[PDB]
């Protein structure tokens, strides 16, 4: 009473809540993160590099790992960081600066462009990890 009707709550409440929870889940995939292999390591062992979103969603954290992790990678421990605010664009495939030259690698390549003319270049280990980053970056941006 005496105005308004729960008939409205499908559009006014249920719909935005569902969009929000799907948004949050696209972002939480990034918070969890991905371990990438250091492809040009020429160390005796395999070397790894981790990238993940901070818990408040405002900062990318990334850095070298001595081993592939079997659990959570604390973000503050990683060497490097990138304010999400400082991201200009995400580019994909042939558009990536490290891809100017191979059909399968192009499907896995993405780059984050930031600042002056800086770029954080990736080659995802598989198409699921690739989709996690590109979809999560779309949500973020």
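Numbering follows the first chain given and starts at 1.
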Per the entry, how many deposited residues between residue 72 and residue 73 lack coordinates? The answer is none
For 90-98 versus 55-63, entry-based mean Cα B-factors point to 90-98
Going by the entry, of stretches 119-127 and 6-14 the one with greater average Cα B-factor is 119-127
Per the deposited B-factor column, the C-alpha that peaks among 29, 81, 38, 42 belongs to 42
On the chain's distribution of Cα B-factors, residue 109 falls within the third called lowest
